[PDB]
Structures are given as C-alpha cells and as structure tokens.
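**Student:** Below is a structure I'd like to ask you about.
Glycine gets a Cβ as well: all are built from the backbone with ideal geometry, and neighbour counts include every protein chain shown. Derivation of every value follows stated rules applied to the coordinates shown; laboratory data play no part.
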Amino acid sequence: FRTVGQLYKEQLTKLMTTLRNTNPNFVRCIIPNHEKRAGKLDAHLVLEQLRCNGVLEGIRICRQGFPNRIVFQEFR
Amino acid sequence: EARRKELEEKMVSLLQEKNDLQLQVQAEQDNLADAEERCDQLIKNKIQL
Amino acid sequence: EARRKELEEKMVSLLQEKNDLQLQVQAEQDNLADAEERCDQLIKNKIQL
Amino acid sequence: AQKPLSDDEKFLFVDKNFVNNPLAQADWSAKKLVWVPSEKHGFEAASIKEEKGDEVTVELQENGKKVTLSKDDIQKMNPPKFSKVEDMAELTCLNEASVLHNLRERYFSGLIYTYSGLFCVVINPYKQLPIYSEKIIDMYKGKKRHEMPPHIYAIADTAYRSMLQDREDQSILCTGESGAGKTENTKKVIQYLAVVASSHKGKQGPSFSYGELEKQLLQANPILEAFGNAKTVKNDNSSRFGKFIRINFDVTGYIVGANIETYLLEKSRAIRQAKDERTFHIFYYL
Amino acid sequence: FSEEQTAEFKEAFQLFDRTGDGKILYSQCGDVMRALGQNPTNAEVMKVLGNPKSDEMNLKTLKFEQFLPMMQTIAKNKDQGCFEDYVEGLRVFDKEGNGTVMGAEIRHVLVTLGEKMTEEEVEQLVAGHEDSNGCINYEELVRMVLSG
Amino acid sequence: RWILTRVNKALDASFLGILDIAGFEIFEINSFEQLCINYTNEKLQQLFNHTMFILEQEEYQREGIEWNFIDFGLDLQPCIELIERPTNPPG
C-alpha cells in the first residue's frame with residue numbers, strides 16, 4: 001500500500017512549505033559535550049560546531065542586522 | 001445584539017481556514033503536476049522502451 | 001433584528017467560499033488519484049519493458 | 001553601558017558593563033603582538049621579532065618561545081575592548097582566534113542563546129537555566145527588547161510583536177545536534193506565551209496563576225512526553241517523536257491555538273532498545 | 001474661578017471624603033479636576049503633587065486649599081490641543097496612510113505609551129469606532145476625544 | 001496517533017510555528033528513523049542559510065528595508081536533493 005516515507009513527504013511539505021510562508025526566528029543549538037552531561041564543554045567540540053553551524057558568516061549577515069521588528073507606519 | 005457581534009468574529013476564523021485551503025490548493029496542484037510530469041515521462045519512456 | 005440577518009447572509013457567503021476552495025481541494029485530490037494511479041501503473045508497465 | 005544584572009538577568013543578557021585600563025593601553029607599544037596557533041588555548045598572543053616576509057621569527061610573550069612562524073599563521077591581535085559582547089558583531093578583528101573566543105566563552109558564561117543578530121546561537125546546557133520564571137515573563141510581558149534580550153523568549157516577543165503589526169506569520173526553529181535542546185527551547189516558547197500573549201486572569205519563580213488553556217499549553221507537552229518520549233544513550237529524556245509546534249494568535253492577538261504535529265515516531269525501540277537506552281517513559285511510570 | 005463654579009467644585013470635593021473631615025486622597029485629585037473642565041495629565045498632576053509612588057499616592061491626603069489651588073495651578077494652562085494638533089496626533093494609527101486607523105494598535109499605544117492605560121481604559125476609548133476590518137476614521141475619533 | 005490529535009483537540013489570524021526536531025541523531029546504528037531525522041535536520045541548517053541570510057533578508061525585502069544581500073557560499077540543497085528528490089536520479 002502507499003509507503004510510510006512517501007506519506008511522510010505528503011506531510012514533509014506540510015512541515016516545510018509553511019515554514020517558507022512563516023518568517024523565521026532561530027535557535028542555534030550547539031552541543032558542548034558528546035557525553036550527555038551537565039556543564040561539560042569541549043574547546044574543540046564547540047569550535048567545530050561554530051564552523052558547522054556557520055557562525056563566522058552567520059555573523060556577517062545579522063551582525064549588521066535587526067532583532068526587533070515592529071511596524072513603522074504605526075511607529076510614525 | 002449577541003448573535004451579531006459573534007457572526008463578525010467567526011468569519012475571521014473562517015478567514016484563517018480560507019488561506020490554508022488555498023495553501024492546500026497550491027500544494028495539491030503542485031503534487032498533481034509532480035505526478036503528471038512523472039506520468040508524462042513514463043508515457044514517453046514507454047514509447048522509447 | 002434585520003441588521004443581524006444581513007450579516008447572516010454574509011456568513012453563508014464566506015461558508016460557500018470556504019466550500020469552493022474545499023471543493024477544489026476535493027477536486028485536486030481526485031485529480032491526483034487518477035494521476036498517482038497512472039504512474040504506479042506505468043511503473044509496473046516499465047518493469048516488464 | 002546598561003543596568004547591571006540579577007542572578008536571572010545575568011543569564012538573560014551578558015554582563016554588558018565592560019571596563020578600561022592603562023596597562024593594556026600602554027602595552028599597545030608592542031604593536032607586533034599577534035595571535036599564534038595553539039592546541040591548548042586555540043590561540044595565544046605572541047610578538048613579531050624578525051620579519052622574513054612570509055616567515056617572521058615570532059616569540060611568545062608567555063613561554064618566551066621564539067617560534068619562527070608564517071605571516072599567514074599569525075593572526076593579528078584583538079584587545080579586550082570588545083570582550084564577550086551582546087552580539088557576535090562588535091569584535092574588530094573578525095578572525096579565527098576571536099570568533100571562537102566570543103562563543104566558546106559565552107555558553108560557559110551561562111549565556112547560551114547568543115545574538116549573532118536576530119538568530120541566537122544557543123549551546124544546550126542540560127540544566128535548569130533560571131531565565132524562565134514569571135519575573136522573566138512579567139518583565140518579558142509583551143515587552144520592549146532592550147531589556148528583553150538574547151533568549152528564545154527575546155525572539156519570541158519579537159515574533160509576538162512583529163507578527164501582529166506586520167501580518168507576516170512566524171516560525172521559531174532550533175538547530176543542531178543530538179540533545180541540543182530543541183526539545184526544551186520549544187517548551188520555553190511554550191512557557192513564554194503561556195503567560196505572555198494570553199489573557200491575564202485578572203492580574204514568581206514558577207509559582208503563578210496561569211490562564212486556563214495556557215496551563216494546558218504547558219500540560220500538553222508532559223502528556224506527549226509520557227506517550228512518545230524515551231531515554232537514549234545520548235538523552236535520557238529523548239523525544240522519540242519529532243514534531244512541529246504552532247501558537248495561533250487571534251485578531252487582537254492572544255493565544256487561540258497550539259498545534260503540535262508528529263512525523264516519525266521512533267517506534268523501532270518499543271520491543272528492544274540497545275545497551276543503555278530506555279523505551280517510552282510512561283511504561284516505567286505505570 | 002467664580003464662586004458659583006467653585007461651589008460646584010466645593011461639592012465635587014465634599015462628596016469624595018474618607019474620615020469625614022475635609023480630606024480627599026491624592027489619587028482623586030486629577031479625576032475630580034477632569035470632570036471640572038480640565039484633562040490634567042498624570043505627569044502634570046504629579047508635578048503639583050510632589051512625585052508620590054503608588055503607596056503614598058494611595059495613602060497621602062489632600063484638603064480643599066490644597067486641592068482648589070492645584071485645580072487652578074493646572075487650569076490656567078499652557079499647551080492643550082485642538083483639532084489640527086489631534087488629527088496629526090491621531091493620524092497616529094494610519095498603517096499605510098489611510099484616513100482610517102489600526103484596531104489592535106490603538107489599543108496597544110494606550111497600553112504601551114507614557115500614561116499606560118489598562119485594557120479597560122484602552123477598550124472604552126476605542127470600541128466601535130472601527131469597521132469590519134478594524135479601521136477607525138480618526139478624523140472623527142479626534143472630535144470624539146476633543147469634545148465630550 | 002490517537003493521542004497527539006486528542007492533545008491538539010484541546011489546544012486548537014496569526015500563528016507561531018516552532019520546531020522540535022527529534023534530532024541530529026548520530027548514534028552508531030543509524031537506521032531509517034535516524035536518516036529522515038537528519039534529513040530535516042540537514043534542511044534546517046539549510047533553513048538558517050535560506051533564512052538569516054536569504055529569507056531574513058527577504059523579510060527585509062518583503063519590506064524594502066535597507067538591506068544589502070550577502071551570501072557566503074552556504075547552500076546545502078545538493079545534500080538535500082540527495083536525500084529527497086523522487087525522479088531524475090532518485091534520492
């Protein structure tokens with residue numbers, strides 16, 4: 001009968017097209033340790049994810065950019 | 001009074017559904033076309049095959 | 001009591017409008033029924049070919 | 001710079017009140033200070049002693065170790081003036097030694113969600129962060145984001161305000177790897193609006209009168225976390241379903257809806273979980 | 001003020017008492033004044049009350065020759081607006097520029113700005129001056145606030 | 001499937017979508033379950049890249065706020081089209 005995964009695509013597009021209708025807000029979640037733990041960071045493990053999550057570049061957009069939005073014509 | 005004030009608001013709720021229905025219309029017309037292009041391909045590939 | 005009924009007529013309108021969209025949805029999933037079917041047909045068809 | 005912080009605020013905003021000293025400003029005379037490669041520190045400060053163009057005999061101002069090192073290695077120094085700031089912007093030398101320097105130390109300073117602009121780079125602590133309380137609600141309550149700073153909340157009132165002004169719909173999307181607190185930073189957006197967008201029933205720590213549905217907005221999730229949440233080797237409260245969440249706001253703007261949608265239940269375990277893993281919680285509860 | 005209208009003020013004072021001895025709570029000052037042909041801002045009154053917080057704002061007492069001088073010391077007044085000032089100052093929710101005003105937002109300004117209105121205060125000023133989409137003709141909302 | 005719809009049954013103009021991904025799951029034994037997880041996870045870096053760069057600029061551009069478009073060489077769509085895509089060479 002029609003598969004799990006293709007029906008999952010018949011839901012994936014319901015997950016992820018709505019997401020391109022919706023303005024994003026982001027939570028850029030790093031893992032400090034691969035050991036489950038409270039408090040444990042690793043100096044190379046974070047540094048890796050600072051490159052894998054794209055931080056240098058992710059800076060050079062929103063470093064210039066705006067947290068708050070709120071409608072200006074109302075603001076005038 | 002009480003019917004009036006309410007009819008007003010429920011219509012905005014039917015507006016919430018209204019957009020989403022066109023969003024699904026948009027999607028189902030995508031899916032259809034996905035399927036037509038795949039069928040159009042398989043028909044023409046049947047010929048060549 | 002008459003102003004209310006004007007807004008009631010208006011409700012039924014937006015309900016109808018919800019229904020042409022939800023009818024087109026029900027058109028497009030059946031449109032897509034014949035579409036999906038044809039592919040999975042032409043896939044079995046292709047396997048032999 | 002700003003109002004200094006409480007125990008809870010200290011985890012909301014960085015300690016913005018940075019300071020200034022003559023010694024680091026006198027030491028500037030050693031303009032040949034450059035950052036140099038290290039396993040142990042990532043990078044440390046050394047100084048150019050003899051410039052071979054592409055090499056330089058550089059010498060550490062720590063161990064005094066003369067290391068002839070290349071110009072391309074030597075990463076021009078960044079003075080403390082930009083220390084561990086609110087955004088990932090203000091560091092003059094946008095460089096490897098220093099980008100690293102601003103996030104490495106930022107989680108560790110308690111301050112997980114890091115404004116790199118709007119998107120907040122978060123490092124999942126696996127901890128009861130104090131930044132979720134009706135102090136952090138009634139202070140964040142529909143509030144102006146000067147005092148409502150880098151947090152899943154902060155973006156969530158940016159969302160809650162903008163949406164209702166602009167009429168463009170809003171998504172809040174966590175990223176990153178296993179047990180990186182998508183699972184939680186979500187339930188914070190849940191803890192935010194539950195007493196933020198919603199109707200004040202008339203009207204500390206966690207103790208307060210939430211609204212009726214808004215109570216159920218919190219209570220939605222522990223029901224699901226019985227019926228779909230399971231330990232793994234990585235996360236002991238792992239979510240054995242991934243989900244999308246939605247918080248539907250009305251015409252005037254309050255929480256009308258809360259739509260959580262499941263894709264894939266990781267059912268496979270329900271029979272036989274591997275070594276040091278648990279099935280769905282509710283079993284063990286019952 | 002004439003003795004006539006001041007007698008009416010003497011009553012608008014006299015009514016509002018506590019222990020029965022010519023004593024009005026600070027709180028009541030502006031509101032009584034407001035009915036007495038005046039709209040004195042909380043900031044205006046707070047000047048002529050001496051900056052209480054909520055505690056001694058609720059607790060401190062007026063008496064008649066503290067009240068009636070206060071009334072006067074705002075009443076002969078400086079800036080107080082007219083239609084032209086308030087059409088711009090109520091074009092204040094025009095969203096594009098539309099000659100009609102934003103429904104939620106007129107409520108929000110009233111919660112969000114200076115003299116923070118309750119929900120109650122906000123809704124009362126605004127309600128039913130919008131249409132189906134919630135656009136308020138300010139050109140009229142102005143005259144409504146300016147006379148009544 | 002019964003339960004999550006009885007939950008939403010009690011819970012449900014604007015909305016706020018949020019995404020708890022049972023997520024970026026690198027165990028040893030990574031089965032199908034773990035793939036299509038790390039797929040939406042893959043998509044979600046590519047959502048940042050398509051958002052804070054592109055669509056955050058396109059929320060800025062839905063406005064025409066002073067925004068210089070800046071791209072950084074971070075499009076991941078080939079790794080998604082590898083996992084996702086039906087016909088042509090399949091995913």
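**Student:** Among the residues that make up the stretch E:128-148, is at least one of them closer than 20 Å to E:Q80 by Cβ, in contact with a strand residue (DSSP E or B) (Cβ under 9 Å, 6 or more places away or on another chain) and either part of a loop (DSSP other than H, G, I, E, B) or among the aromatic types (F, W, Y) (or both)?
**Tutor:** Yes.
**Student:** Test of understanding: among D:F82, D:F11, which residue is under 30 Å from A:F66 (Cβ atoms), in contact with a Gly (Cβ under 7 Å, 6 or more places away or on another chain) and of a type outside the set (K, R)?
**Tutor:** D:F11
**Student:** Residue under question is D:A26, and the condition is that it be over 27 Å from the mean Cα position of the chain (by Cα), surrounded by 18 or more Cβ atoms within 10 Å (Cβ to Cβ) and not β-branched (V, I, T); does it hold?
**Tutor:** no
**Student:** Moving on. Of everything in the stretch B:15-49 that's basic (K, R) and loosely packed, with under 13 Cβ neighbours inside 10 Å, which residue is farthest from the other protein chains (Cβ to nearest Cβ)?
**Tutor:** B:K44
Residue by residue, here is whether (1) at the interface with another protein chain (Cβ under 7 Å from one of its Cβ atoms); (2) surrounded by fewer than 14 Cβ atoms within 10 Å (Cβ to Cβ) holds:
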{"residue": "F:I21", "(1), (2)": "yes, no"}
{"residue": "F:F24", "(1), (2)": "yes, no"}
{"residue": "F:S31", "(1), (2)": "yes, yes"}
{"residue": "F:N38", "(1), (2)": "no, no"}
{"residue": "F:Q45", "(1), (2)": "yes, no"}
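**Student:** Oh, and also: If you scan the stretch D:148-185, which residues turn out to be within 30 Å of F:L35 (Cβ to Cβ) and either part of a helix (DSSP H, G or I) or more than 9 Å from chain A (Cβ to nearest Cβ) (or both)?
**Tutor:** D:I152, D:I155, D:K182, D:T183, D:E184, D:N185
**Student:** Further question: Working only within the stretch F:1-50, note down all residues that are part of a loop (DSSP other than H, G, I, E, B), under 18 Å from the mean Cα position of the chain (by Cα) and under 23 Å from D:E168 (Cα atoms).
**Tutor:** Result: F:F15, F:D20.
**Student:** A follow-up question, please. Mind checking which residues of the stretch D:258-279 are among the hydrophobic types (A, V, I, L, M, F, W, C) and under 28 Å from the mean Cα position of the chain (by Cα)?
**Tutor:** D:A258, D:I260, D:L264, D:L265, listed by residue number.
**Student:** Of the residues that make up the stretch C:38-49, is at least one closer than 20 Å to A:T3 by Cα and under 22 Å from the mean Cα position of the chain (by Cα)?
**Tutor:** Yes: the stretch C:38-49 contains one or more residues that are closer than 20 Å to A:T3 by Cα and under 22 Å from the mean Cα position of the chain (by Cα).
**Student:** Then there is this: Only one residue in E:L59, E:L15, E:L36 is of a type in the set (A, V, I, L, M, F, W, C) and loosely packed, with under 11 Cβ neighbours inside 10 Å, so which one is that? Even if it seems obvious, please write down each step before you answer.
**Tutor:** Numbers: E:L59 fails: loosely packed, with under 11 Cβ neighbours inside 10 Å; E:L36 fails: loosely packed, with under 11 Cβ neighbours inside 10 Å.
Answer to the selection: E:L15.
**Student:** Please indicate, with yes or no, whether at least one residue in the stretch A:6-26 is in contact with a helix residue (DSSP H, G or I) (Cβ under 7 Å, 6 or more places away or on another chain), of a type in the set (A, V, I, L, M, F, W, C) and more than 7 Å from chain D (Cβ to nearest Cβ).
**Tutor:** yes
**Student:** Then there is this: Looking at E:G89, is it surrounded by fewer than 18 Cβ atoms within 10 Å (Cβ to Cβ), within 14 Å of chain A (Cβ to nearest Cβ) and assigned to a helix (DSSP H, G or I)?
**Tutor:** Considered against the rule, which asks whether it is surrounded by fewer than 18 Cβ atoms within 10 Å (Cβ to Cβ), within 14 Å of chain A (Cβ to nearest Cβ) and assigned to a helix (DSSP H, G or I), E:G89 comes out as yes.
**Student:** When both residues are 6+ apart or on different chains and their Cβ atoms are under 8 Å apart, which pairs have a first residue that lies in the stretch F:52-80 and is at the interface with chain A (Cβ under 9 Å from one of its Cβ atoms) and farther than 14 Å from D:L118 by Cβ, and a second that is in a loop (DSSP other than H, G, I, E, B) and among the charged types (D, E, K, R)?
**Tutor:** Taking only residues 6 or more apart or on different chains, the pairs are F:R62/D:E168.
**Student:** Which condition number does D:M139 fail, the rest of (1) buried (at least 24 other Cβ atoms within 10 Å of the Cβ); (2) of a type in the set (A, V, I, L, M); (3) more than 8 Å from chain A (Cβ to nearest Cβ) being met?
**Tutor:** (1)
**Student:** So which strands (runs of 3 or more DSSP E) are wholly in the stretch D:1-104 and hold at least 3 residues that are in contact with a strand residue (DSSP E or B) (Cβ under 9 Å, 6 or more places away or on another chain) and of a type in the set (D, E, K, R)?
**Tutor:** By residue number, D:43-52.
**Student:** Please verify whether E:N77 is in contact with a strand residue (DSSP E or B) (Cβ under 8 Å, 6 or more places away or on another chain) and at negative phi, treating the condition exactly as stated.
**Tutor:** Working: in contact with a strand residue (DSSP E or B) (Cβ under 8 Å, 6 or more places away or on another chain): no; at negative phi: yes.
So E:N77 fails the test.
**Student:** Taking the stretch D:186-213 as the search range and keeping residues that are of a type in the set (K, R) and away from chain F (no Cβ under 11 Å), which one is nearest to D:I245 (Cα to Cα)?
**Tutor:** Looking at residues that are of a type in the set (K, R) and away from chain F (no Cβ under 11 Å), I get D:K201.
**Student:** Quick check on the stretch C:1-14: of everything there that is more than 7 Å from every other protein chain (Cβ to nearest Cβ) and among the aliphatic types (A, V, I, L, M), which residue is nearest to B:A27 (Cα to Cα)?
**Tutor:** C:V12
**Student:** What pairs can you find where one residue is in the stretch D:260-274 and within 8 Å of chain F (Cβ to nearest Cβ), the other is part of a loop (DSSP other than H, G, I, E, B) and of a type outside the set (D, E), and their Cβ atoms are less than 6 Å apart, with a gap of 6+ or different chains?
**Tutor:** So the pair list comes out as D:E266/D:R240.
**Student:** If D:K187 satisfies all but one of (1) of a type in the set (D, E, K, R); (2) surrounded by 16 or more Cβ atoms within 10 Å (Cβ to Cβ); (3) more than 22 Å from the chain's Cα centre (by Cα); (4) closer than 14 Å to F:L11 by Cβ, what's the number of the condition it fails?
**Tutor:** D:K187 satisfies all of (1) of a type in the set (D, E, K, R); (2) surrounded by 16 or more Cβ atoms within 10 Å (Cβ to Cβ); (3) more than 22 Å from the chain's Cα centre (by Cα); (4) closer than 14 Å to F:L11 by Cβ except (3).
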